[PDB]
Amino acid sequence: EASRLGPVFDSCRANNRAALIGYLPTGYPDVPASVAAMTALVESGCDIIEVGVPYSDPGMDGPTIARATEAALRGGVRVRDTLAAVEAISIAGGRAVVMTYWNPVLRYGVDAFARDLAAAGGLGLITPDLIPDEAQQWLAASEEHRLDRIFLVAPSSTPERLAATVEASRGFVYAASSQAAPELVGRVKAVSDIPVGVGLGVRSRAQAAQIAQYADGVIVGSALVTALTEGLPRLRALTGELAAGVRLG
């Protein structure tokens, strides 16, 4: 009927604000510390937690996340740690999605991973290197286990591919990226009413406020990793600032 994240964006619209979507990679600086950090995100005001699966060759990630996931892998992080992190977030009262490259899912098994993500309490999957053209098995698994499917659109996306990508998404659309970020959101808003999350290297409360003026969600990741590296108290403070920034709308 409705997307798993539907009610979350509904509660944010009623409060005249954007959702705060925070990303952290599993296993950095270790598995127990990362879960304590993700719990702190729920406590510090994150509406949605993106739980990242560390991957050996993360071509789409910047240096901050790429080096943290690399350190996580040096520590022996496993994919099952991500499912254990989703369960801890759900128990703490948070709303967790998983962000992963596609080969770890293929290796696990798309259906088996969807089933196990659903059973852990996960609400959706973000697939930065899976386009709808290859998403046949994922679409079936997304519907069977009632999981949202968050694809990415790009500023360079052709109008035909933007439409097909938006049509294939459930929950929200990840507008990955000047003036290109509002324009990309507008191109999505022209063909659908699905929520639009925006990632834009957000570091400050003001940046979250700016994006909240046109986006349904504000995605922060690299800055959260940087804060956790300084320490868990630094992550709490920054997440609070960003939580206030999304209410500026």
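Note that residue numbering follows the sequence shown and begins at 1.
K.L.:
Please say, as none, 1 to 3, 4 to 9, or 10 or more, how many residues of the deposited sequence are without coordinates in the interval between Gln137 and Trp138.
P.N.:
In the deposited sequence, nothing is left without coordinates between these two.
K.L.:
If you average the CA temperature factors as listed in the entry, which stretch comes out higher, 52 to 60 or 31 to 39?
P.N.:
Per the PDB entry, the higher value belongs to 31 to 39.
K.L.:
Would you tell me which stretch averages the higher CA B-factor in the PDB entry, 181 to 189 or 66 to 74?
P.N.:
Per the PDB entry, the higher value belongs to 181 to 189.
K.L.:
Which third, lowest, middle or highest, does the C-alpha temperature factor of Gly217 belong to within its own chain?
P.N.:
Within its chain, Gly217 is a lowest-third residue by C-alpha B-factor, going by the deposited values.
K.L.:
Is the Cα B-factor recorded for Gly240 in the lowest, middle or highest third of its chain?
P.N.:
It belongs to the highest third of the chain when residues are ordered by C-alpha B-factor.
K.L.:
By its CA B factor, does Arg146 count among the lowest, middle or highest third of the modelled residues in the chain?
P.N.:
According to the entry, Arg146 has a C-alpha B-factor in the chain's highest third.
K.L.:
Of the three thirds of its chain by CA temperature factor, lowest, middle or highest, which one includes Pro25?
P.N.:
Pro25: CA B-factor falls in the lowest third of its chain.
K.L.:
Please place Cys46 in the lowest, middle or highest third of its chain by C-alpha B factor as given in the entry.
P.N.:
For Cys46, the deposited C-alpha B-factor lands in the highest third.
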